[PDB]
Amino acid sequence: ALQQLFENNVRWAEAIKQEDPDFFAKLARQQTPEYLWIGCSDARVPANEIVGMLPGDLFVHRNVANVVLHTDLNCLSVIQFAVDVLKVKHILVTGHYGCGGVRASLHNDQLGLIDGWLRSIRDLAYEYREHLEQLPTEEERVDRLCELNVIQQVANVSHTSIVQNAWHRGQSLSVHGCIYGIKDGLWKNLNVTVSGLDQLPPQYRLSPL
């Protein structure tokens, strides 16, 4: 029903201009979001709605299971643009419970190309296999791995030279880990926020350029 989307768009734009005739014109002059959202592509987790934000407020990357991989130039380019060009003050790594990508990493079905994309989550589940094994249900295991996954990605972001060099030059920048409940609409802090070099293990601290 593609036509509906066009009709929706026309109605949306016109309604906004009725309340604020300059909303788009002003926004178009400059991009100044204070946040980068890194989250899952899952249709149930749209960034702006969940945190009550407006067009212009959130720079967004979404991918399968919200992973930040060391040699993925897609996500790395979003982070670099956000930190170096836009100078966002916060990176919000948001995973969600019931994530299908995370769930697939606990099962042994072949999905195709995505096998490689998700294998770091499988590695994480293997790393924490004893911990996960204590949990009686598959849903509990999935949801805990969803949390562990967010925590790993926060660490990954904080280990980049992009983030560390921003800190080196006195830029204020925090990396947060949150988890969204698709069952209840609640966006919850995992309390793993990193805001400076002193919070990193020595093994990950890069010397300044």
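One-based numbering along the sequence shown.
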Out of 149 to 157 and 27 to 35, which stretch has the higher average CA B-factor listed in the record?
27 to 35
With B-factors read from the PDB entry, the higher C-alpha mean of 126 to 134 and 70 to 78 is in 126 to 134
Taking the values exactly as deposited, rank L106 by C-alpha B-factor within its chain and report the matching third: lowest, middle or highest.
highest
Quick check on the deposited entry: does the C-alpha B-factor of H176 sit in the lowest, middle or highest third of its chain?
lowest
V85: which third of its chain by C-alpha temperature factor?
highest
Determine, from the deposited record, the chain-internal third of the Cα B-factor for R62: lowest, middle or highest.
lowest
What third of the chain does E140 rank in for C-alpha temperature factor, lowest, middle or highest?
highest
